[PDB]
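Participant: Have a look at this one.
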Amino acid sequence: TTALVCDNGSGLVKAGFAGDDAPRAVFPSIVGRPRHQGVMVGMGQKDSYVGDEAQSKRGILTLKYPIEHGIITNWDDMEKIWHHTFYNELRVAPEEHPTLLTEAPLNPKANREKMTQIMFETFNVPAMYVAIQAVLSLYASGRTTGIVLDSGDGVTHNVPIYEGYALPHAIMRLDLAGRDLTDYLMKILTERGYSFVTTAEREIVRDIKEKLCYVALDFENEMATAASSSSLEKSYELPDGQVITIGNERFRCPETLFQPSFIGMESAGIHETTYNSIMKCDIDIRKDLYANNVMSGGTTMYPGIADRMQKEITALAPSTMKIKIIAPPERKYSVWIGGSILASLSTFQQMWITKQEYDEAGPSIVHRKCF
Amino acid sequence: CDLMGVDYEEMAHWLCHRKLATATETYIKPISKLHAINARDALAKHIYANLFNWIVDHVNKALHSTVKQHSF
Ligand SMILES: C/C1=C\[C@H](C)C[C@H](C)OC(=O)C[C@H](c2ccc(O)cc2)NC(=O)[C@@H](Cc2c(Br)[nH]c3ccccc23)N(C)C(=O)[C@H](C)NC(=O)[C@@H](C)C1
Ligand SMILES: Nc1ncnc2c1ncn2[C@@H]1O[C@H](COP(=O)(O)OP(=O)(O)O)[C@@H](O)[C@H]1O
Ligand SMILES: [Mg+2]
């Protein structure tokens, strides 16, 4: 029986069968409730919506994300999203299939305990495992050595790996995010006179960030260029058909990843945390980490983030030592593709947590087996 | 491409890339020279295996006869 492979996050849910080439169900991970008084009678009013439904209705709804910063922060909505994933959107009963679940490293243990408890008790999944996102990115990109940098909505984290061994002391985690880039985009957009207050407006800001932002190769030169000229300035069409024009700001937004001081944090940007993570590795491997940098997750999709990273690391790293950045176009899905590869492997079939082992040991078993 | 009829640009493009697609989006992805060679050899093996199955289907077309087979 093909195991399910499910990758949760803040932002999109990605789920599908192991051994597939690409995920079968992808939908933004939102639970929505109506906030207006239903006037019509016999409408079929519904307690709450999940996924694409909550996106379509969203003008009527309060949208709540049940995962902030890779932590599940209300378990009822998350359990609704799993219910929708197995029954509505894959249409396959969980009692048939092992399941593989995905988490950001250095999360609280209770998140794994509750997630396994809900899988065994509430869905009766015959076996389950929890993988690290960064590890799975290496399976997807076809390597056994490298420093992974993976940034989605919520968590950003670097995990160095060398010939299949992690280096826990060198793991870095940061809470820069697609989401904090979105809140920064709203707060800067206010400058030009446009105010996006409600959550359904935030979804518009998110779509502006996807379509129009790009990482400036050199920041101050493009700031001067945008001050001098309209040529950089580009415009977008809100759902109601009004147009808005956004300028230098569209490059200003994704640089905060490089300079968190804009949003107000002090911890250095993803380039300098990548370098500092390599430096926390022992001196013999470092050449191979510089030879492989693997990007993952949607927040690394910005045009020019690969070249800006390669340049700024090369500026940090000793001049002889070859720096390479590996940004595959698929990388938004590569954590799922890696989970598919892993779940397909025959050796892994040994390594599932089984329901009997859960009944014997209780939900704490996950810490013992998984990592 | 001349022998097969397929247009040169399409073979030259597809031999050096593969296509992923989710239902909503599709990515054209480059592949290593080793993977290109493995794919070319897999295409040759697949053509030959189907040509063999076809020639056997025609031999069967000559060998069959219409009366219903009671036992063999
Ligand atoms: C359709 C949208 C925007 C607009 C109608 C699109 C047009 C195109 O924007 C403009 O350029 C016009 C104008 C404007 C006025 C003077 C000016 O020197 C520059 C711009 N600014 C406005 O009408 C502001 C004024 C404002 C309120 Br109150 N508090 C705010 C807090 C911060 C900033 C500004 C404001 N305003 C009412 C809005 O944004 C409303 C709330 N916005 C929306 O519903 C969303 C869905 C986007
Ligand atoms: N092409 C793109 N450019 C910039 N940001 C993007 C792009 N595509 C998606 N994003 C943003 O990245 C985040 C989703 O990241 P992703 O890793 O897919 O989420 P998850 O952590 O759930 O897998 C969202 O903030 C989304 O708006
Ligand atoms: Mg992710």
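Each chain in the structure tokens gets a letter, A, B, ..., in the order shown, and its residues are numbered from 1; ligands are numbered from 1 in order too.
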Check every residue of chain B for an atom within 8 Å of chain A, counting only C-alpha atoms, and provide those that qualify as JSON, numbers by chain.
Facilitator: {"B": [20, 21, 22, 23, 27, 29]}
Participant: Using only C-alpha atoms and all ligand atoms, which residues have at least one atom no more than 6 Å from ligand 2? Output them as a list in words.
Facilitator: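 Final answer, ordered by chain and number: residues 8, 9, 10, 11, 12, 13, 152, 153, 178, 179, 206, 210, 297, 298, 299, 301, 302 and 332 of chain A.
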Participant: When the cut-off is 12 Å and you count only C-alpha atoms and all ligand atoms, which residues lie near ligand 3, shown as JSON, numbers by chain?
Facilitator: {"A": [6, 7, 8, 9, 10, 11, 12, 13, 14, 15, 67, 69, 70, 101, 102, 103, 104, 105, 131, 132, 133, 134, 135, 136, 137, 149, 150, 151, 152, 153, 154, 155, 156, 157, 177, 178, 295, 296, 297, 298, 299, 300, 331, 332, 333, 334, 335, 336, 337, 338, 339]}
Participant: For CA of residue 253 (chain A) and CA of residue 185 (chain A), determine how far apart the two atoms are, in Å to one decimal place.
Facilitator: 5.9 Å
Participant: Could you pull out the residues sitting within 12 Å of ligand 1, using only C-alpha atoms and all ligand atoms, and write them as a PyMOL selection string?
Facilitator: chain A and resi 59+186-205+208+235-246
Participant: Restrict the selected residues to N, CA, C and O atoms and save them as a compact mmCIF listing (two decimals), in the first residue's frame.
Facilitator:
```
# COMPACT_ATOMS: atom_id res chain seq x y z
N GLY A 59 -14.01 37.28 1.32
CA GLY A 59 -14.55 38.59 1.63
C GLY A 59 -15.58 38.58 2.74
O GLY A 59 -15.81 39.60 3.40
N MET A 186 2.68 45.35 3.77
CA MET A 186 1.54 46.21 4.10
C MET A 186 1.98 47.51 4.76
O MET A 186 1.54 48.61 4.36
N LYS A 187 2.91 47.41 5.71
CA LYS A 187 3.32 48.59 6.47
C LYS A 187 4.10 49.58 5.62
O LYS A 187 3.98 50.79 5.82
N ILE A 188 4.90 49.09 4.68
CA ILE A 188 5.53 49.98 3.72
C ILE A 188 4.56 50.48 2.65
O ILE A 188 4.67 51.62 2.19
N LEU A 189 3.63 49.63 2.18
CA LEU A 189 2.70 50.07 1.14
C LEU A 189 1.91 51.27 1.62
O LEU A 189 1.52 52.13 0.81
N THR A 190 1.63 51.33 2.92
CA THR A 190 0.94 52.48 3.49
C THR A 190 1.57 53.81 3.07
O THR A 190 0.86 54.81 2.91
N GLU A 191 2.89 53.83 2.87
CA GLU A 191 3.60 55.04 2.45
C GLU A 191 2.98 55.70 1.23
O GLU A 191 2.86 56.93 1.17
N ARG A 192 2.61 54.91 0.22
CA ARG A 192 2.05 55.44 -1.01
C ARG A 192 0.55 55.64 -0.96
O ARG A 192 -0.04 56.05 -1.97
N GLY A 193 -0.09 55.38 0.17
CA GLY A 193 -1.48 55.73 0.37
C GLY A 193 -2.46 54.59 0.33
O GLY A 193 -3.66 54.83 0.24
N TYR A 194 -1.99 53.34 0.39
CA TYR A 194 -2.83 52.17 0.22
C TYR A 194 -2.81 51.39 1.52
O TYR A 194 -1.73 51.06 2.02
N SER A 195 -3.98 51.11 2.08
CA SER A 195 -4.07 50.55 3.42
C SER A 195 -4.83 49.24 3.37
O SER A 195 -6.02 49.22 3.04
N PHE A 196 -4.15 48.14 3.68
CA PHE A 196 -4.72 46.80 3.63
C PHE A 196 -4.83 46.28 5.05
O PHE A 196 -3.85 45.78 5.61
N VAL A 197 -6.01 46.37 5.64
CA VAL A 197 -6.17 46.19 7.08
C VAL A 197 -6.61 44.77 7.41
O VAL A 197 -6.04 44.12 8.29
N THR A 198 -7.62 44.26 6.71
CA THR A 198 -8.25 43.00 7.08
C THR A 198 -7.49 41.82 6.48
O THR A 198 -6.67 41.98 5.57
N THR A 199 -7.77 40.63 7.01
CA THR A 199 -7.06 39.42 6.58
C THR A 199 -7.26 39.14 5.09
O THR A 199 -6.31 38.76 4.39
N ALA A 200 -8.48 39.32 4.59
CA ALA A 200 -8.71 39.16 3.16
C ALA A 200 -8.01 40.21 2.33
O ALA A 200 -7.77 39.98 1.14
N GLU A 201 -7.67 41.36 2.91
CA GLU A 201 -6.76 42.28 2.23
C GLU A 201 -5.33 41.77 2.28
O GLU A 201 -4.55 41.98 1.34
N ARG A 202 -4.95 41.16 3.40
CA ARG A 202 -3.62 40.58 3.51
C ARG A 202 -3.37 39.54 2.42
O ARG A 202 -2.25 39.42 1.92
N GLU A 203 -4.40 38.75 2.08
CA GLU A 203 -4.26 37.84 0.94
C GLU A 203 -3.98 38.56 -0.38
O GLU A 203 -3.20 38.08 -1.21
N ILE A 204 -4.53 39.77 -0.55
CA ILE A 204 -4.19 40.57 -1.72
C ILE A 204 -2.74 41.00 -1.65
O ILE A 204 -2.02 41.00 -2.67
N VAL A 205 -2.29 41.45 -0.48
CA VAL A 205 -0.91 41.89 -0.35
C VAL A 205 0.02 40.73 -0.66
O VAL A 205 1.08 40.91 -1.28
N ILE A 208 0.31 40.41 -4.32
CA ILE A 208 1.20 41.44 -4.84
C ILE A 208 2.65 41.05 -4.61
O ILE A 208 3.50 41.20 -5.50
N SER A 235 2.69 48.42 -11.82
CA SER A 235 1.33 48.61 -11.34
C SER A 235 0.53 47.31 -11.44
O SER A 235 0.83 46.43 -12.24
N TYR A 236 -0.52 47.23 -10.61
CA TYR A 236 -1.23 45.98 -10.35
C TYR A 236 -2.71 46.29 -10.20
O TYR A 236 -3.09 47.42 -9.87
N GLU A 237 -3.55 45.29 -10.43
CA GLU A 237 -5.00 45.47 -10.51
C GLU A 237 -5.68 44.71 -9.38
O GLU A 237 -5.71 43.48 -9.38
N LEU A 238 -6.23 45.46 -8.42
CA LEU A 238 -6.96 44.86 -7.31
C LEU A 238 -8.20 44.13 -7.82
O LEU A 238 -8.64 44.34 -8.95
N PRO A 239 -8.77 43.24 -7.00
CA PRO A 239 -9.91 42.44 -7.48
C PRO A 239 -11.09 43.26 -7.96
O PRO A 239 -11.78 42.84 -8.91
N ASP A 240 -11.36 44.41 -7.35
CA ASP A 240 -12.46 45.27 -7.77
C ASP A 240 -12.16 46.08 -9.03
O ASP A 240 -13.04 46.80 -9.50
N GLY A 241 -10.96 45.98 -9.57
CA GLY A 241 -10.60 46.64 -10.81
C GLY A 241 -9.90 47.97 -10.65
O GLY A 241 -9.47 48.54 -11.66
N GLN A 242 -9.79 48.50 -9.43
CA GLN A 242 -8.89 49.62 -9.21
C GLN A 242 -7.45 49.20 -9.48
O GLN A 242 -7.08 48.03 -9.34
N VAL A 243 -6.63 50.17 -9.86
CA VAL A 243 -5.21 49.96 -10.08
C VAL A 243 -4.41 50.66 -8.99
O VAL A 243 -4.78 51.74 -8.51
N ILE A 244 -3.29 50.05 -8.60
CA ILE A 244 -2.35 50.62 -7.65
C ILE A 244 -0.97 50.57 -8.28
O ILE A 244 -0.65 49.63 -9.02
N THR A 245 -0.16 51.58 -8.01
CA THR A 245 1.20 51.67 -8.53
C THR A 245 2.21 51.59 -7.40
O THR A 245 2.11 52.33 -6.41
N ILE A 246 3.19 50.69 -7.53
CA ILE A 246 4.19 50.46 -6.50
C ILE A 246 5.59 50.56 -7.10
O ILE A 246 5.83 50.11 -8.23
```
Participant: Pick out each residue of region 250-323 of chain A that DSSP on the backbone tags as alpha helix (DSSP H); I need them as a PyMOL selection string.
Facilitator: chain A and resi 250-255+270-279+286-291+305-316
Participant: Here is a test: counting only C-alpha atoms, which residue of A:227, A:92, A:50, A:172 is nearest to residue 276 (chain A)?
Facilitator: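 So, comparing all the options, the nearest one is A:172.
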Participant: Would you mind listing what lies within 12 Å of residue 272 (chain A) as a list in words, with only C-alpha atoms counted and same-chain residues fewer than 5 positions away left out?
Facilitator: residues 149, 158, 172, 174, 257, 258, 259, 260, 267, 277, 278, 279, 309, 310, 311, 312, 313, 314, 315, 316 and 317 of chain A
Participant: Mind writing the picked residues with N, CA, C and O atoms as an mmCIF file, in the first residue's frame?
Facilitator:
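result-v1.cif was written with the following content:
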```cif
data_model
loop_
_atom_site.group_PDB
_atom_site.id
_atom_site.type_symbol
_atom_site.label_atom_id
_atom_site.label_comp_id
_atom_site.auth_asym_id
_atom_site.auth_seq_id
_atom_site.Cartn_x
_atom_site.Cartn_y
_atom_site.Cartn_z
ATOM 1 N N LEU A 149 19.282 25.679 2.892
ATOM 2 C CA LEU A 149 18.600 26.861 3.391
ATOM 3 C C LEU A 149 17.177 26.749 2.883
ATOM 4 O O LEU A 149 16.952 26.664 1.673
ATOM 5 N N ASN A 158 18.484 26.947 8.474
ATOM 6 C CA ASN A 158 19.592 26.295 7.792
ATOM 7 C C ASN A 158 19.912 24.989 8.504
ATOM 8 O O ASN A 158 19.993 24.950 9.734
ATOM 9 N N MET A 172 20.606 26.305 12.447
ATOM 10 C CA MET A 172 20.175 27.662 12.732
ATOM 11 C C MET A 172 18.700 27.784 12.386
ATOM 12 O O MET A 172 18.216 27.160 11.438
ATOM 13 N N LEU A 174 15.400 30.825 12.182
ATOM 14 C CA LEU A 174 15.055 32.234 12.145
ATOM 15 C C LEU A 174 13.579 32.347 11.795
ATOM 16 O O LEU A 174 13.028 31.486 11.106
ATOM 17 N N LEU A 257 14.860 40.280 4.364
ATOM 18 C CA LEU A 257 15.494 38.997 4.646
ATOM 19 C C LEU A 257 16.992 39.169 4.863
ATOM 20 O O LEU A 257 17.571 38.579 5.779
ATOM 21 N N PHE A 258 17.633 39.982 4.021
ATOM 22 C CA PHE A 258 19.047 40.307 4.162
ATOM 23 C C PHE A 258 19.334 41.307 5.275
ATOM 24 O O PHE A 258 20.433 41.290 5.836
ATOM 25 N N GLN A 259 18.388 42.184 5.609
ATOM 26 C CA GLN A 259 18.581 43.182 6.663
ATOM 27 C C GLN A 259 17.378 43.214 7.591
ATOM 28 O O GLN A 259 16.541 44.122 7.513
ATOM 29 N N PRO A 260 17.255 42.231 8.475
ATOM 30 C CA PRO A 260 16.110 42.169 9.392
ATOM 31 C C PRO A 260 15.876 43.433 10.205
ATOM 32 O O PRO A 260 14.778 43.641 10.727
ATOM 33 N N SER A 267 19.155 40.068 14.423
ATOM 34 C CA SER A 267 19.870 38.920 13.884
ATOM 35 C C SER A 267 20.092 39.069 12.384
ATOM 36 O O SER A 267 19.195 39.476 11.646
ATOM 37 N N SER A 277 26.552 29.433 9.998
ATOM 38 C CA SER A 277 26.275 28.010 10.155
ATOM 39 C C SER A 277 27.413 27.170 9.608
ATOM 40 O O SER A 277 27.799 26.167 10.214
ATOM 41 N N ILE A 278 27.956 27.555 8.456
ATOM 42 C CA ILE A 278 29.127 26.852 7.933
ATOM 43 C C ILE A 278 30.280 26.945 8.927
ATOM 44 O O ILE A 278 30.968 25.955 9.201
ATOM 45 N N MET A 279 30.519 28.143 9.469
ATOM 46 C CA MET A 279 31.591 28.327 10.446
ATOM 47 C C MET A 279 31.396 27.480 11.696
ATOM 48 O O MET A 279 32.381 27.067 12.317
ATOM 49 N N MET A 309 22.467 36.081 -3.112
ATOM 50 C CA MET A 309 23.072 35.225 -2.098
ATOM 51 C C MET A 309 24.478 34.808 -2.494
ATOM 52 O O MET A 309 25.403 34.866 -1.678
ATOM 53 N N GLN A 310 24.651 34.347 -3.733
ATOM 54 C CA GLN A 310 25.972 33.927 -4.185
ATOM 55 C C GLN A 310 26.984 35.059 -4.089
ATOM 56 O O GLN A 310 28.086 34.873 -3.560
ATOM 57 N N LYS A 311 26.612 36.254 -4.555
ATOM 58 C CA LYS A 311 27.494 37.408 -4.429
ATOM 59 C C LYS A 311 27.833 37.722 -2.978
ATOM 60 O O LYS A 311 29.007 37.911 -2.634
ATOM 61 N N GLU A 312 26.826 37.801 -2.106
ATOM 62 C CA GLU A 312 27.117 38.295 -0.765
ATOM 63 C C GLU A 312 27.852 37.254 0.082
ATOM 64 O O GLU A 312 28.728 37.613 0.884
ATOM 65 N N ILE A 313 27.598 35.963 -0.146
ATOM 66 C CA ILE A 313 28.424 34.947 0.496
ATOM 67 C C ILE A 313 29.841 34.982 -0.057
ATOM 68 O O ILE A 313 30.811 34.891 0.705
ATOM 69 N N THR A 314 29.995 35.085 -1.383
ATOM 70 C CA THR A 314 31.337 35.131 -1.946
ATOM 71 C C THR A 314 32.115 36.291 -1.345
ATOM 72 O O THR A 314 33.322 36.184 -1.108
ATOM 73 N N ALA A 315 31.419 37.392 -1.054
ATOM 74 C CA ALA A 315 32.047 38.511 -0.366
ATOM 75 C C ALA A 315 32.415 38.145 1.064
ATOM 76 O O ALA A 315 33.416 38.643 1.588
ATOM 77 N N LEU A 316 31.625 37.284 1.711
ATOM 78 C CA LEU A 316 31.982 36.873 3.069
ATOM 79 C C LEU A 316 33.057 35.789 3.086
ATOM 80 O O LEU A 316 33.947 35.814 3.942
ATOM 81 N N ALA A 317 32.993 34.834 2.157
ATOM 82 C CA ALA A 317 33.829 33.644 2.208
ATOM 83 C C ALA A 317 35.223 33.915 1.645
ATOM 84 O O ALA A 317 35.392 34.783 0.785
#
```
Participant: Which residues, written as number ranges by chain, have at least one atom at most 7 Å from region 36-49 of chain A, with only C-alpha atoms counted and residues fewer than 5 positions away on the same chain left out?
Facilitator: A: 31, 54, 60
Participant: So which residues touch region 117-120 of chain A within 7 Å, counting only C-alpha atoms, skipping near sequence neighbours fewer than 5 positions away, as a list in words?
Facilitator: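 Here the qualifying residues turn out to be residues 125, 355 and 363 of chain A.
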Participant: Give me a file of those residues, with N, CA, C and O atoms, as a PDB file, in the first residue's frame.
Facilitator:
```
ATOM      1  N   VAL A 125      -4.457   5.934  11.678  1.00  0.00           N
ATOM      2  CA  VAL A 125      -3.436   5.666  10.660  1.00  0.00           C
ATOM      3  C   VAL A 125      -2.571   4.497  11.116  1.00  0.00           C
ATOM      4  O   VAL A 125      -2.106   4.492  12.268  1.00  0.00           O
ATOM      5  N   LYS A 355       1.340   1.213  15.100  1.00  0.00           N
ATOM      6  CA  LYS A 355       0.294   1.486  16.079  1.00  0.00           C
ATOM      7  C   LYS A 355       0.535   0.725  17.376  1.00  0.00           C
ATOM      8  O   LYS A 355       0.287   1.250  18.468  1.00  0.00           O
ATOM      9  N   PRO A 363       2.530   8.390  23.233  1.00  0.00           N
ATOM     10  CA  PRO A 363       2.919   9.314  22.156  1.00  0.00           C
ATOM     11  C   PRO A 363       4.339   9.846  22.273  1.00  0.00           C
ATOM     12  O   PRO A 363       4.797  10.524  21.346  1.00  0.00           O
TER      13      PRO A 363
END
```
Participant: Please list as number ranges by chain every residue within 10 Å of residue 32 (chain B), counting only C-alpha atoms and excluding residues in the same chain fewer than 5 positions away.
Facilitator: B: 16-17, 37-38
Participant: Keeping N, CA, C and O atoms, export the residues of the selection given above as a tab-separated table (two decimals), in the first residue's frame.
Facilitator:
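Final file, result-v3.tsv:
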```tsv
chain	number	residue	atom	x	y	z
B	16	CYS	N	17.21	17.14	-23.23
B	16	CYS	CA	18.07	17.81	-22.27
B	16	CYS	C	17.30	18.34	-21.07
B	16	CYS	O	17.90	18.97	-20.19
B	17	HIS	N	15.99	18.10	-21.01
B	17	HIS	CA	15.14	18.60	-19.94
B	17	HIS	C	14.08	17.55	-19.64
B	17	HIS	O	13.82	16.66	-20.45
B	37	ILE	N	21.72	10.63	-20.59
B	37	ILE	CA	22.14	9.39	-21.23
B	37	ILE	C	21.26	8.22	-20.78
B	37	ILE	O	20.85	7.39	-21.60
B	38	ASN	N	20.96	8.15	-19.48
B	38	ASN	CA	20.05	7.12	-18.98
B	38	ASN	C	18.67	7.22	-19.62
B	38	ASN	O	18.06	6.20	-19.95
```
Participant: One decimal, Å: what's the distance from CA of residue 68 (chain B) over to CA of residue 52 (chain B), could you say?
Facilitator: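 Distance between the two atoms: 26.5 Å.
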